[PDB]
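A single chain comes next, written as structure tokens; it is the form deposited in one PDB entry.
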């Protein structure tokens, strides 16, 4: 029963690799897993079948979590076995019942603190290849465990980080606003107190930038994201890293006596403020709003802007060719800009007279207006409405993932401050092992009231 194949998969691992998350498949695989587990316990009480690992080091539970098999994962996490001969195999227990009320216990053996591959760590840190990682956290124990971790200690840390980032952005804004304008950099210091404050702000800004640089580096090293996972998943890390890059380039140009550094700085500044939006994930409504913003950017703007740019460039080339210029609108950039103005409600239908045929010019402009302003923009609004109607629940699930990742990252960072002081659940005696010893587990109690059962 403990035999391993070439890859190291055991019968349990094989069942897990089989499942495709179909209802019939899920029921059949769960039944087969339960039967095999019970039979093995009857045959070999001493041996542990779930502890066995494949060549990759993944247990059946971790394998199901990594592979996206929500049905098998849900079955395992909530497994209950009422057989007196083998109750140790179950993960879910009823501590007591006061009639309508009931108190249950969950195991957390490798949900939270498992040394190598914790299930939570595995789900949050996935690469999106899995079909459904958003719905995985919805199972009963994980959701409540994460919320407990959030309400206990991570919320205050997140709020502190948000406050610090706000301060940093304010310092950067003030320092950039009062930059010197006379001469070339670097600028000589003065005994003026305001100059000392300005220099202090500059130094703090640079320090924050290099800090974000190194944090992005360590994220890349630690998470070893794939190229796709780099493009599709880690948007915030990339944005913060790019902001830091702009700052560092600004420093380089500043000490290289070039004046272009301002450019870099301003971009960084702008992006910084936008990146404040990252902190909307500590709040449910605003986090869901920001998820919606992300989805709209990815889908609707991308499509609309492809088409709009095609049309704009075509009509701009036509208009510029028509123009003779015999002021100076005979430029592609100027004409593209003048036609873009129609989109923000500031279009002049008479922005030049340097042409030989007025009807052609007018016709082209009105075709452009009808195609972009009256059709494409309102069409975009419609599509946004459809998408909003569609992504009500996916946005909440993605927000829950984002918060979970935040929780895990914070909990890792503050190992030194508290390695195991903030540990979830409590150590409780559950029963007796068939060997006769006590059974002590790190359980997570839940209270549930059922009127129907009585």
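Residue numbers count along the first chain shown, from 1. Whichever C-alpha set is largest while still superposing within 1.5 Å between the two forms counts as the rigid core.
Keep in mind that the form deposited in another entry is not shown, yet the notes after this line are about it.
Colleague: Would you mind telling me which residue of 363, 293, 203, 286 shifts its Cα by 2 Å or more between the shown form and the other one when the core is superposed?
Modeller: It is 293; the other listed residues stay below 2 Å.
Colleague: Taking the rigid core as the reference frame, tell me whether residue 413 has a CA displacement of 2 angstroms or more between the shown form and the other one.
Modeller: Stays below the 2 Å threshold, so no.
Colleague: Taking the rigid core as the reference frame, is the Cα of residue 90 displaced by 2 Å or more between the shown form and the other one?
Modeller: For residue 90, whose C-alpha is compared between the shown form and the other one after core superposition, the shift is 2 Å or more.
Colleague: Checking residue 123 here: with the core superposed, does its CA move 2 Å or more between the shown form and the other one?
Modeller: No, shifts by less than 2 Å.
Colleague: Between residue 147 and residue 417, do the C-alpha atoms lie closer or farther in that other deposited form than in the shown form, with a difference of 3 angstroms or more?
Modeller: Between the C-alphas of residue 417 and residue 147, the gap widens in that other deposited form (3 Å or more compared with this form).
Colleague: What happens to the Cα distance from residue 418 to residue 147 in that other deposited form: does it get closer or farther than here, with a change of 3 angstroms or more?
Modeller: Their C-alpha distance grows by at least 3 Å in that other deposited form.
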